[PDB]
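Asks: This is the structure I have questions about; it appears just below.
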Amino acid sequence: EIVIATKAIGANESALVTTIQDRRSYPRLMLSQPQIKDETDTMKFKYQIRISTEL
Amino acid sequence: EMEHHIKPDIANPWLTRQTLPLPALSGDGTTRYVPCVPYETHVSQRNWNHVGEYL
Amino acid sequence: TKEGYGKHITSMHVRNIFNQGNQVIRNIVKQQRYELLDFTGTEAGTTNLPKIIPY
Amino acid sequence: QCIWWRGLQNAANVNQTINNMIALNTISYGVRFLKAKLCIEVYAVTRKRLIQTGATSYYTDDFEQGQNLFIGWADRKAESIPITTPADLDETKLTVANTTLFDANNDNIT
Amino acid sequence: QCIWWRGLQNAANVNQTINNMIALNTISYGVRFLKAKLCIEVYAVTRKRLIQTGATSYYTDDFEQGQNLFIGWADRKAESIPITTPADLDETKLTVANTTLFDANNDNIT
DNA sequence: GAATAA
DNA sequence: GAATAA
DNA sequence: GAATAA
DNA sequence: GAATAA
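These protein sequence lines map, in sequence, to chains A, B, C, D and E.
For the record, in the first sequence the residue sitting at position 2 is 62 according to our numbering, with numbers rising by one throughout.
For the record, in the second sequence the residue sitting at position 32 is 34 according to our numbering, with numbers rising by one throughout.
For the record, in the third sequence the residue sitting at position 30 is 152 according to our numbering, with numbers rising by one throughout.
For the record, in the fourth sequence the residue sitting at position 54 is 56 according to our numbering, with numbers rising by one throughout.
For the record, in the fifth sequence the residue sitting at position 49 is 51 according to our numbering, with numbers rising by one throughout.
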């Protein structure tokens, strides 16, 4: 959260870049199927999808 | 008074992010002098008033 | 058509009923103690000296 | 958690938005990622229907519009994505073993 | 009727809520169970479709979204769950013989 | 912002 | 005081 | 300040 | 009571 770092700026100089920032928990995200026991193990699903990711 | 913030319902060893260790003294010293500083002085971010020099 | 009868039944929205690790318990450590302060002695902590409260 | 927003898992996924980005990272001293919006679109949900007589199996894929893709969140559990290569991170081929959005015991997934 | 709310049918089903509970049962002289809310969620209804020519059968599981899980209540009849082991009580493998939510004669189940 | 913050 | 409390 | 902040 | 009188 509290950043304390040294950026080089070449050899002759330095920057003690130093900030505070708000904490972000980023969970894990997953794309999975239903788990359905078949006579043999799980049913197998395969999804046709379009992810759309813009930043 | 203490609010004991109890554990998640699921392990997060990575949850120590917002945990801090106490101000415990660390060292081999059998005797340790725990500091007491009487006061935190108040200083101003205010500029002056009733200063005779005109500027 | 997908339909069924029930009581206290609803279309299934997001349910994860584990908290995201936010919970707070509050106890007060309570330590009443009858004590004596003896300055009448020559031994160690019994003297003319101020006896300390190490909060 | 990583940055796949450039679409690294294949170098085939570059659009001028990435190119525009590179030219800006050249003329820029610094940047902020202001917002990141992801939208999944499901065109199909298709299971493989397995018809098994003893000692034989007939395979066919069949549409299930009564089922759906689970987008899991791990909000109860500390977890990590292993990352190796820009390909190793892909919405598809990326996995962790012994991982299921459904546990017989404590389902830790929202 | 029993207590499976701890999830005994497998020791694999313990969450800190159970652990929190144990530590409270240690520091506590007494307890009340204030409310117990159960919620079933049905992700799928899947029959095994049996295709039978004479002297052979083809098996496949197929989604029925026109069918549904019956949650039965025995409100007309005196009945008991046999219990033996913490496993013997499971939402799945636990049964009583000659028991059906549908009787050809008097259907005693709400 | 009786323990001096013009 | 759909599960019968006149 | 469905993911427990009394 | 721009030359500092809180």
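A virtual CB, placed ideally from N, CA and C, is assigned to each residue, including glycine.
Determine the closest residue to E/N70 out of E/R49, E/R78, E/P88 and E/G56, with distance taken between C-alpha atoms.
Replies: Locating residue 70 of chain E in the fifth sequence gives position 68, counting from the first residue. E/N70 has its Cα closest to that of E/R49, out of E/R49, E/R78, E/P88 and E/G56.
Asks: Restricting to Cα atoms, I'd like to know which of D/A14, D/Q67 and D/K95 is closest to D/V44.
Replies: Looking up residue 44 of chain D in the fourth sequence gives position 42. Selected option, being the one with the closest Cα: D/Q67.
Asks: Using 10 angstroms around the beta-carbon of D/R51, count the other beta-carbons present and answer buried if the total reaches 16, otherwise exposed.
Replies: Here residue 51 of chain D corresponds to residue number 49 of the fourth sequence, with the count starting at 1. The residue is buried, with at least 16 neighbouring Cβ atoms inside 10 Å.
Asks: So A/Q108 is in the beta strand (DSSP E); what residue range does that whole segment cover?
Replies: One-based indexing of the first sequence puts residue 108 of chain A at position 48. Where A/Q108 is concerned, the enclosing beta strand (DSSP E) stretches over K104 to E114.
Asks: Bridge partners for D/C41 per DSSP, in chain order?
Replies: Taking the fourth sequence and counting its residues from 1, one reaches residue 41 of chain D at position 39. Note: D/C41 sits in a beta bridge opposite A/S112.
Asks: Using only the alpha-carbon positions, how far apart do D/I53 and A/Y107 sit?
Replies: Numbered from 1 along the fourth sequence, position 51 holds the residue referred to as residue 53 of chain D. Numbered from 1 along the first sequence, position 47 holds the residue referred to as residue 107 of chain A. So the alpha carbons of these two residues sit roughly 20 Å apart.
Asks: What does the alpha-carbon distance come out to for the pair E/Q18 and E/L91?
Replies: To locate residue 18 of chain E, count along the fifth sequence from 1; it is residue 16. To locate residue 91 of chain E, count along the fifth sequence from 1; it is residue 89. Rounded to the nearest angstrom, the two C-alpha atoms are 21 Å apart.
Asks: Could you pull out every unbroken beta strand (DSSP E) segment of at least 3 residues lying fully inside the segment 57-105 of chain D, listed in chain order?
Replies: Taking only runs of at least 3 residues, the beta strand (DSSP E) segments lying wholly in the segment 57-105 of chain D are 60-65 and 72-76.
Asks: When you check each C-beta in the segment 80-95 of chain E against every C-beta of chain B, which residues fall closer than 8 Å?
Replies: none
Asks: May I ask you to verify whether the segment 45-54 of chain B touches the segment 55-63 of chain E, counting CB pairs closer than 8 Å and requiring at least 3?
Replies: no
Asks: Say whether the segment 11-31 of chain B touches the segment 165-175 of chain C, bearing in mind that this needs 3 or more beta-carbon pairs closer than 8 Å, one atom from each stretch.
Replies: Result no; under three Cβ-Cβ pairs closer than 8 Å.
Asks: Could you tell me whether any Cβ in chain B is nearer than 8 Å to the Cβ of E/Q11?
Replies: Taking the fifth sequence and counting its residues from 1, one reaches residue 11 of chain E at position 9. With 8 Å as the cut-off, E/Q11 does not count as an interface residue toward chain B.
Asks: Determine the closest residue to D/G56 out of A/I109, A/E99 and A/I111, with distance taken between C-alpha atoms.
Replies: What you label residue 56 of chain D is simply residue 54 of the fourth sequence in a count that begins at 1. Answer by Cα proximity: A/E99.
Asks: Closer than 8 Å is the cut-off here; do at least three beta carbon pairs connect the segment 27-38 of chain E with the segment 11-31 of chain D?
Replies: no
Asks: Looking at the unbroken alpha helix (DSSP H) that takes in D/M23, where does it start and where does it end?
Replies: Residue 23 of chain D sits at position 21 when you count from the first residue of the fourth sequence. From DSSP, the alpha helix (DSSP H) with D/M23 extends over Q18 to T28.
Asks: Look at the alpha carbon of D/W6 and the alpha carbon of A/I64, and state the distance between them as a whole number of angstroms.
Replies: Numbered from its first residue, the fourth sequence carries residue 6 of chain D at position 4. Numbered from its first residue, the first sequence carries residue 64 of chain A at position 4. Roughly 27 Å separates the two Cα atoms.
Asks: For D/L52, which of helix, strand or coil comes out of DSSP?
Replies: Working through the fourth sequence from its first residue, we reach residue 52 of chain D at position 50. Strand.
Asks: What number of angstroms, rounded off, separates the C-alpha of C/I139 from the C-alpha of A/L115?
Replies: Taking the first residue of the third sequence as 1, we reach residue 139 of chain C at position 17. Taking the first residue of the first sequence as 1, we reach residue 115 of chain A at position 55. So the two alpha carbons sit approximately 31 Å from each other.
Asks: Which partner residues does C/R148 have in the DSSP bridge list?
Replies: Along the third sequence, read from residue 1 onward, the residue named residue 148 of chain C stands at position 26. Beta-bridge pairing links C/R148 to B/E5.
Asks: Does the beta carbon of D/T112 sit closer than 8 Å to a beta carbon anywhere in chain C?
Replies: Position 110 of the fourth sequence, counted from the start, is the residue given in the question as residue 112 of chain D. Cβ-Cβ to chain C under 8 Å: yes for D/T112.
Asks: Is D/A76 close to chain E? Criterion is C-beta to C-beta, closer than 8 Å.
Replies: Reading the fourth sequence from its first residue, position 74 is the one you call residue 76 of chain D. It does not: the Cβ of D/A76 has no partner Cβ on chain E nearer than 8 Å.
Asks: Determine whether the Cβ of C/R137 lies closer than 8 Å to any Cβ atom of chain B.
Replies: One-based indexing of the third sequence puts residue 137 of chain C at position 15. Not one chain B Cβ lies under 8 Å of C/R137.
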